[PDB]
Amino acid sequence: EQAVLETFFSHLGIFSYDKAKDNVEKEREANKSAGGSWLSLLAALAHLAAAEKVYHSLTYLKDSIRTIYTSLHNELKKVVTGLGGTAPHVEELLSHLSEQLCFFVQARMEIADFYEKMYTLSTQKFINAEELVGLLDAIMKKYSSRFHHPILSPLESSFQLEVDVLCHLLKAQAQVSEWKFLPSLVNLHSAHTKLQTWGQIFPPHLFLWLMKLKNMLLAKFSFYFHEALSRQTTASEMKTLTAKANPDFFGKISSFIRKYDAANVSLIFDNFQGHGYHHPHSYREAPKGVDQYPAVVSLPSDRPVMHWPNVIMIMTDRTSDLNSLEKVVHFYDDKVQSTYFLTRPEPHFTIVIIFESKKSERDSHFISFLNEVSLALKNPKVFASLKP
Amino acid sequence: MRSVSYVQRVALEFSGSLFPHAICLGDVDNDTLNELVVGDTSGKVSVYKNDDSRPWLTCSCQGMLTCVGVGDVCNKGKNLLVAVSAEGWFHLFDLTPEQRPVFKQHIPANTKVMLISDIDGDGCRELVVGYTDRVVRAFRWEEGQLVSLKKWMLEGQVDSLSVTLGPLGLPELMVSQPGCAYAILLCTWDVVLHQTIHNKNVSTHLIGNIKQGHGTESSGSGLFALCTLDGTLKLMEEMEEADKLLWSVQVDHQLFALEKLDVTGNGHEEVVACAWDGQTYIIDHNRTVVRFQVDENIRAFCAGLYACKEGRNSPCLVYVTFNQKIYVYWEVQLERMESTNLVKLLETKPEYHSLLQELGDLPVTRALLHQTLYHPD
Amino acid sequence: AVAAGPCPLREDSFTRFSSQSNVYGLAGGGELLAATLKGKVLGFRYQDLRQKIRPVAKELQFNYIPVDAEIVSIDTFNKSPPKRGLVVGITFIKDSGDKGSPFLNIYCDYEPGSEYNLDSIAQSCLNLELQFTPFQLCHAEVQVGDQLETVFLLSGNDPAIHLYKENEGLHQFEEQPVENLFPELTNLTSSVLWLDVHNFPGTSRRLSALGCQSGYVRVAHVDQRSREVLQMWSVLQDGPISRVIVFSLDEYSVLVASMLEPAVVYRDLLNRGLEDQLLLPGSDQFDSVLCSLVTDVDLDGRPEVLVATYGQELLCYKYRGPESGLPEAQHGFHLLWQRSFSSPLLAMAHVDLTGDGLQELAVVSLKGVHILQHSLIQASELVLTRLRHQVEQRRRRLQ
Amino acid sequence: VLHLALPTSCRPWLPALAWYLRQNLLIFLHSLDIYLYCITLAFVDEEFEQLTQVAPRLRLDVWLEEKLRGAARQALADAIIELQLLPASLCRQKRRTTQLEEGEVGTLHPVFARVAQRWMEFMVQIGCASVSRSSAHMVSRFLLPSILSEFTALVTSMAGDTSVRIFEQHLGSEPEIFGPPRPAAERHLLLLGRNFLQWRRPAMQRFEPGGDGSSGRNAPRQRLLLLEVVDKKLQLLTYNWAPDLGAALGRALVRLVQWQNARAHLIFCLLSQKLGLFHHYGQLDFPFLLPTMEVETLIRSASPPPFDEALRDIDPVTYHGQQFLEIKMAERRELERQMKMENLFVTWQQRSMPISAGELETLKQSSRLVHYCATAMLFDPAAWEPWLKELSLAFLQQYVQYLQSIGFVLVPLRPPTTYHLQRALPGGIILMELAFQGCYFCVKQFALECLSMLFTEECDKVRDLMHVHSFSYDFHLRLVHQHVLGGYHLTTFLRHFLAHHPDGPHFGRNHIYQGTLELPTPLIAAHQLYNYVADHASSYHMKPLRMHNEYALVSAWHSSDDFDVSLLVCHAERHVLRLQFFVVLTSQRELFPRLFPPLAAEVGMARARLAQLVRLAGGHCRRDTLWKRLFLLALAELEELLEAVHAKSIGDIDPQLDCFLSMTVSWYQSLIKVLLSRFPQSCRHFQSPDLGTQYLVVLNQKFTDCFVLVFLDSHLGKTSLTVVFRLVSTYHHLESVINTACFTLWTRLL
């Protein structure tokens, strides 16, 4: 029977389900007058092909494969019963095989359930990625290296590899929010090496969504870490590398600061050494002070002239507005003549667009611009489009 | 065997301390008349001439004197005054017609004894210095400056240096070694020692070149005398194989000086020794002692020819006293040494025998002599 | 005043004295006796060794003198010719209290066989208290009865001379009256320092002279058998009369040596008394004349005067007689020669200590006893020349 | 009424006698003149005794006759001498009359030779107003000069108007001859005198000039004087002297003669002593022979102001005792010297006070110089000064306390640098005189002796232990260790010292060794390597020495006996390292000349260290140029630095950076391009000729002690990123480097 168990799961490691989907159906004529014990396993993995197909679709708009996957639990637990059967040996090799995919199924509803928790969240104003990673860790800690027999190798890594990049993404989704310069710089590369190793080498909703998420991660990644990358670079060559990425905010804000001539722009972040990578043993100090709210990303000239009390004043004093994560604040300095346009796209990061000219309160074009900026920075779309 | 009492003497005023070796007498002006040379520690040298009481002249050097001398050192022909200080110095004075010297040359330190003579037979006179550290050093005036020469290292201390005729008839240099011992220094162009018992640390003094004939002072010796502080004296003859013993005398005084003088006037020379308490011995070559007891304690002693009065050389004895005075006895000449009478003296000549035979018992002879001497008519 | 020649005397020996002596220390014996003040007495001599001589000084120990005593005078003589014997006499003082006790000892060994022996005479003492301070022990010889007797004389603090004569019976020496034998020695005023009695040989006459501390000099001519004084002469000088001698240049003369005046000689006593004087020129320039002597020193047969002073001088004077025929200087005394010594001179003798017929000069000075001999070479040729002058004169002038 | 007859010889003397009578009359009869005894006198008219036999007479009434007759006899007798003998002369034309009157030469008049004396003596039996007498004996007649010289002084002091003339009596001639000795001769004299103002002129005098208007005459009241001598008896004869004054003069004269006799005695005593007669003429043997006798004033100026063994065993007045006064001054000065020596001997012997300079000088004079020793000082260049003087004083103090260690005591010279020490023994006193002069330090040893050879044969032991050579040796070798431990070019002084003492005495403890060492120094120059080592001697556990200038290397430790060890190191021929070196040994327990395998063993360790310090520490001398060449072959030179250097991987400094070490080799090739184009001045392009092993090092503006290396090796697939150490400043280096190492990663994700 092992002669026909060559393609098997090895052919199902790729996204080509066609071979197995027909082979398991033709199994009746492919195991003619053979021991009637492997037929049950063939039907089980036939239904497994469809379960994996719908999981890769991840549509679930009966709904939810929750227990519709343990529909294949009776077979997974009782392929073996101990033309009669030879019993043990290469016939209980099927029993050994089944134990590999039992927790595959189990951790599969676990992972689809984490998907479903993100799906149910898909809202509010601040998704906690660190808690998500904490919730994750247990699944792959309990699934760690107990299906490790040779012929599961394609998917056995691939599934883990999958959540691997997911971890490498999810952890990153946390580390970027806390100004983790190098830790975030490295997590993508761990996935990126494996992403193009697996994804590029050949797509279901999982794929397109994963690239969407990682690409907006790069998009906001080049934005937040702008000043450090710019100084150690060429004068005007970095604006091609930040022209190869989807929503590039440096290029987008350039149009606003050129056409309408926005003479001031900054990115405030309530509190950490500074810009770049620092050795942990270096003199860290503490983020304290009356001006301990960095303006890390400013892309016109230097940050104001004598108008930066009112970049934290209209911030704490009007905090009831920005904490909704769905509005914009506006004030009017009597002497400075500077109408601020602060808006909060993130739990900590906030974007001020202070003007030097009269703006009144009816500049709807810039309001739409800020809304578009926020709707690509809140992680709204990536979690909204968890199903087609 | 008999004592005498010399009367005539001259007293010279002298205030200062000196070593026993810092006194001598000789001609410095080259007038065939000896003058007394004395040198104290304080760095001055005084010369005495005629029968004055004050010094003839004062010559000042630098240092602390340990030896003075007069002799033909440069071989230039004249007689020169050599003075060696304790530390390292050496001076010549040119006294022949204050008084600063005319030469100065540093030498090794610890100078103790000085001698001027020709010790090899080359006809050039050299200068020899013994040291407190059993070291003897010879020099020569190379035509000028004084260059060095052979140096001898010894074990027993040195007290006196003498030049005497050797067994073959050549000059030989002797030094004294404690224990009534002495040493011959090998000729300079290693050091042989002879012993003559008592304490091995007994100080010993030596003298040599004692005349034996009349007019033989040009070249002749063979007799040399030794004295020890415990009070023994000896006269030794050189010979060739061994040293012949002439006479040995044991006294009961502390002997510290040894010189030679001619008092009888018959060419032969007599040994003259002095002690700390002033008991002077004068001995001929036949063991005949004459004792002079100057009732005083004596620092330094001297014996030799001196021009005392009426410009004429006469034998003299010189004593230095703790009473800052120097005594010069100049009428020390003796008619003979032993004690005799007319009868014994007149028995030597055969003329008396012939006269008596022609004139025809000792008392009869005494009566005849009395009649001849006191009743001539 | 200037010596007319060099001294012919050479010093032979010198024996040092522990303590000083005095003028009366010297005495005869051929020997010599010298006594120190502190009880030590020495007897000098010479010994013959084949072909030389050796001076010998041996100390003598007398018996009845306490260790605390102090000798004052000493004298000696030989017994008169009829009787053999040597007599010694010492006058000392016992230091018994502030007032010293004078004494007198006389030594003579009466035992036959060793009468002359000095060892026997050392212990034969006769003690005798004095009652006066003794000055000088002298001796004289007197023709008594039909024989000659030698008697002592001793000046005392009492101005008198005490005669001590021996007894032919109990064989002692007892004091006897002076007037019986010496009528000229009475009624004195001062203390006799030196006294001289000169006999006339082959005659019963004699001449006595004395001098005292006041400067009084008295000479008297006396006959012995008659015991009568013939004439008296007296002069009054200055200073103590340290010495008077009587010598013949008839025609007798005296020498007087005062301690503060030049030594003088009085001439022609028997014919002129004490009037003609010859004062020796320039003999008072050497301190004080202490001793003196008169003997033949030049071996010519004529007398010469020796004067020893306190300035350590030994001047010798010679007589320039009338034979020279220079009335400007005829009959005069001139200085022959002079010598110097180391210590003040106290006494002199003139004795053949050696045994050759030549008279040695023994000089006692503060530091000891000097022996002076004539220069033997000088004397060795005089004998031969005078012998040559007498062997040819034996036949050529007298067959 | 009474009458007295008078001779006619005084026929014209009736007025003159009236004066001579009045002077005679006024004495007995106190005041026609009337007198009270009532007596009234009236002169009336009519061979020695005949001319005065008592021709005018005297008429008198009495209301005595012998008294009246006696006065008249005195009148004529006084006038007889005054008028008949007094006017007599004492003895070119005016050059002899004035010369004979003075009597200096000539002959005295016969009146004053035989007549005047007898006539003057005559008025001693008959009472007269001007007469005197005296007497004396004198024990001898030396004193006539010694009396006359003072008699003239006494006369002149009492009354200078009189002038004394001495007329001897010319033995051989007779009276009437007076011309202005001989033993036993009765010398004579006529030592008279007169005042010469009483010619052409008639309180010191007793009489009066009589009467000038009395018959108009000049009364011969002129005074006179005459002191006669007859052998041993003086008799004065005065005239007209004041009574009390005349008696006083006579008393003074007799007292003067008494004093002269008193000096005669107490000279007779000395004479008796001279011949040895002490018992016979003693002192006070008989107003000056009393026991309270000034026995030293009467042998002095002749005037009235145990001895009995004075010269026992030791003008004649000013000659026999003038030597006595000097004999008894040679024992009041021999004892003042003899006691001062026994005092010090007793004090120093058993009693184990500062003495003055004079006492020390006397002690030196009374002693003998037995031995001396001198040794040169080898520090002062002028002897080849504070630096010299201070060392000399320390040397002196060190030797002083060494001498005290064997039983010597310092002598405190009392105030009214030389130093003296003493040591008292039964034999006598031993004294030292330590002093320093010029260049040499010398010591002398005196000795004052006090059965007798137990001092002189024991005094040599003090000489045998003097040890002036070994002491100087040890002082010199201890004066170098202190300088080492801390100009004066020590090696030159060392060479001079070793020339002076090549051998070295055996009584010292310190020791020295001089040697030279030659090092290969093939690669670097010896003169350069020595300078390089001198800069970093602290890393070498050594020390430089600023000695043109030269440097010296020193070391130190405490080896053990022989205690401290001290080194001093000083520098085809360009490749020879001639290393001079020394080894110095010093003792600690024994600092004095108490009476070399350790040195050889120490020299071995010194040589081993001298080997090591070049043969192993020369690699850092050339490496200094290697960190200067790699600042501004070269590819081979870089490998040499990495051969001997500390290097750590980037995973050993931060746990995070282990990620870089597990990724593509092409990335480093991509990496290396960025820095070369970004930081050309800091990046240093090193590459192999085949380019297989390409290197890259970034430099630092200030952090010169640490560099970052980039390594790429495509041929074998190996690569490393390490940091090479030649820590706070290194982190700043890891900052500018790190950002580029992740920026290149940023260019990859896109």
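Residues numbered from 1 in each chain as written, not as in the entry; some residues may be left out. Chains lettered and ligands numbered in written order. Heavy atoms only, no water. Residues with missing side-chain atoms left out of burial classes, pairs and counts.

Per the PDB record, the structure was determined using cryo-EM to 3.08 Å resolution.

Trainee: Help me understand the overall build of chain C in this model?
Mentor: When helices and strands are tallied, chain C shows three helices and 28 strands. The globule rule puts the C-alpha radius of gyration for 399 residues at 21 Å, and the 22 Å found for chain C is close to it. (Helix = DSSP H or I, 4+ residues; strand = E, 2+ residues; numbered from the N terminus. Rg over C-alpha atoms; globule rule 2.2 N^0.38 Å.)

Trainee: What is the right way to read the overall build of chain B from this model?
Mentor: Counting secondary structure elements, chain B contains three helices and 29 strands. Expected size for 377 residues packed as a compact globule is a radius of gyration near 21 Å; at 23 Å, chain B falls within 12% of this value. Dimensions along the principal axes, computed over C-alpha positions, put chain B at roughly 80 × 50 × 40 Å.

Trainee: What should I look at first to understand the sheet that holds strand β4 (residues 35-39) of chain B in this one?
Mentor: All names here are of chain B. One open sheet accounts for four strands, arranged β3-β4-β5-β6; its pairing is antiparallel. The open sheet has two free edges, formed respectively by β3 (23-26) and β6 (57-60), since each of these has just one partner strand. Direction aside, the axes of adjacent strands within the sheet are offset by 20° on average. In the sheet, β4 pairs with strand β5 (residues 44-48) via four bridges, with the strands oriented antiparallel. Paired with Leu36 across the bridge in β5 is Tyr48. (Pairing = 2+ DSSP bridges. Axes fitted to C-alpha atoms, helices over the stretch in contact; angles between N-to-C directions.)

Trainee: Honestly, the arrangement of the chains in this entry has me stumped. Any pointers?
Mentor: Looking across the four pairs of chains in contact, one finds the most contacts between chains B and C. One finds no contact linking chain A with chain C; the least C-alpha distance across the pair is 115 Å. (Contact = heavy atoms within 4.5 Å.)

Trainee: Just to check I follow, could you spell out the sheet that holds strand β10 (residues 137-144) of chain C for this structure?
Mentor: All names here are of chain C. Strand order in the open sheet formed by four strands is β10-β11-β12-β13, and the pairing between neighbours is antiparallel. In the strand order of this sheet, the two ends are held by β10 and β13 (173-176), each with one partner. Recorded for the sheet is a direction-independent mean angle of 35° between the axes of neighbouring strands. Where β10 and strand β11 (residues 147-155) come together, eight bridges link them in antiparallel fashion. Each residue of the ladder has a partner; that of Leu137, found in β11, is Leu154.

Trainee: Would you mind going over the interface of chain B and chain C with me for this structure?
Mentor: Note: interface size is frequently given as the accessible area lost on complex formation between the parts. The interface is formed by 29 residues belonging to chain B together with 36 residues belonging to chain C. Counting only elements with at least two residues in the side of chain B that touches chain C, the list comes to β1 (2-3), α1 (342-346), α2 (350-358) and α3 (362-374) of chain B. Counting residues per element, the side of chain B that touches chain C draws most heavily on α3 of chain B, at six residues.

Trainee: Looking at this structure, how should I read the packing of aromatic side chains?
Mentor: Aromatic ring pairs are reported here in terms of the distance separating the ring centres and the angle at which the planes meet. A centroid spacing of 5.0 Å and a plane angle of 55° characterise the contact between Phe77 of chain C and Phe152 of chain C, whose relative ring orientation is tilted. Of the two residues, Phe77 of chain C sits in strand β6 (residues 70-78) while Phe152 of chain C sits in strand β11, which places them 75 residues apart along the sequence. A ring pair is formed by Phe493 of chain D and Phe497 of chain D, whose centres lie 6.2 Å apart and whose planes are at 45°; its orientation type is tilted. Taken as a pair, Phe493 of chain D and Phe497 of chain D lie in helix α16 (residues 490-500) at a separation of four residues, close to a single helical turn. Counting every residue linked through ring pairs, the aromatic cluster contains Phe395, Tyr399, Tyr402, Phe441, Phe471, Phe475 and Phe592 of chain D. It is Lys94 of chain C that lies over the ring of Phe103 of chain C; its NZ or CZ is 4.1 Å from the centre. Over the ring of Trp199 of chain D we find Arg194 of chain D, and its NZ or CZ is 3.7 Å from the ring centre. (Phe/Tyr/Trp six-rings, centres within 6.5 Å; stacked < 30°, edge-to-face > 60°. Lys NZ or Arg CZ within 6 Å of the ring centre and 35° of its normal.)

Trainee: Explain the interface of chain C and chain D to me, please; I cannot follow it from the model alone.
Mentor: At the interface, 38 residues of chain C touch 26 residues of chain D. Counting residues per element, the ones that place at least two in the side of chain C that touches chain D are β2 (21-27), β6, β17 (228-236), β20 (264-267) and β21 (276-279) of chain C. Sort the elements by how many residues they give to the side of chain C that touches chain D and β2 of chain C lands first, with three residues. Looking at the side of chain C that touches chain D, its residues break down into 21 nonpolar, eleven polar and six charged. (Nonpolar A, V, L, I, M, F, W, Y, C, P; charged D, E, K, R; others polar.)

Trainee: Any chance you could explain the side chain of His481 of chain D here in plain terms?
Mentor: Position of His481 of chain D among the secondary structure elements: in helix α15 (residues 468-485). What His481 of chain D contacts, discounting residues up to four positions off in sequence, is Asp564 and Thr586 of chain D.

Trainee: Which parts of the structure should I look at to understand the packing of helix α8 (residues 181-200) of chain A against helix α22 (residues 728-749) of chain D?
Mentor: For any two helices packed against each other, one specifies the crossing angle of their axes together with the interaxial distance. Remark: α8 of chain A packs on α22 of chain D, axes separated minimally by 11 Å, with the N-to-C direction vectors making an angle of 40°. By the criterion of interaxial angle, the relationship of α8 of chain A to α22 of chain D is oblique. Considering only the axes of α8 of chain A and α22 of chain D, their crossing is left-handed. Facing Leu185, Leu188, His189, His192 and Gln196 of chain A of α8 of chain A, the residues of α22 of chain D in contact are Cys742, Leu745, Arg748 and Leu749 of chain D. In terms of residue class, the contact of α8 of chain A with α22 of chain D is made up of five nonpolar, three polar and one charged. (Parallel < 35°, antiparallel > 145°, perpendicular 65-115°, else oblique. Left-handed = near helix turned anticlockwise from the far one by under 90°.)

Trainee: Even after reading the chapter, I still don't get the pattern of salt bridges, so can you show me in this structure?
Mentor: In a structure, side chains of opposite charge can pair up when their charged atoms sit close to one another. A salt bridge links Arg141 of chain D to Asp231 of chain D, with the shortest nitrogen-to-oxygen separation between them at 2.4 Å. Residues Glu309 of chain D and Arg312 of chain D are paired through a salt bridge, measuring 3.2 Å at the closest nitrogen-oxygen approach. Beyond isolated ion pairs, a larger network of salt bridges with shared partners links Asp120, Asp122, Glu126 and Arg140 of chain B. (Salt bridge = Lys/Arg side-chain N within 4 Å of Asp/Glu carboxyl O.)

Trainee: How should I be thinking about the environment of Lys367 of chain C in this particular structure?
Mentor: By secondary structure assignment, the location of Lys367 of chain C is in the loop between β27 (361-365) and β28 (368-374). With 22 residues separating them in the primary sequence, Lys367 of chain C and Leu345 of chain C have C-alpha atoms 9.1 Å apart. Every residue in contact with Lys367 of chain C, bar those within four places of it in the chain, is listed here: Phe14, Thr15, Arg16, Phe17 and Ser343 of chain C together with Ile314 of chain D.

Trainee: Looking at this structure, I do not really get the packing of helix α5 (residues 89-121) of chain A against helix α7 (residues 153-175) of chain A. What am I missing?
Mentor: All names here are of chain A. At a closest axis distance of 12 Å, the pairing of α5 and α7 adopts a crossing angle of 25°. Comparing their axes, α7 and α5 come out roughly parallel. Crossing angle aside, the handedness with which α5 passes α7 is left-handed. Only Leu155, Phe159, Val163, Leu166 and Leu170 of α7 make contact with α5, whose side of the interface consists of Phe104, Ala107, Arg108, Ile111, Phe114 and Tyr115.

Trainee: It is not clear to me how unusual backbone geometry should be interpreted in this structure. Could you clarify?
Mentor: In terms of backbone geometry, most residues other than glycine have negative phi values and most peptide bonds are trans. All names here are of chain C. We note that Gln131 has phi near 70°; this positive angle belongs to a residue other than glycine. One can find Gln131 in the loop between β9 (126-129) and β10. Positive phi, normally seen in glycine, also occurs at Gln312, with a value near 60°. With respect to the helices and strands, the residue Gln312 is situated in the loop between β23 (304-309) and β24 (314-320).

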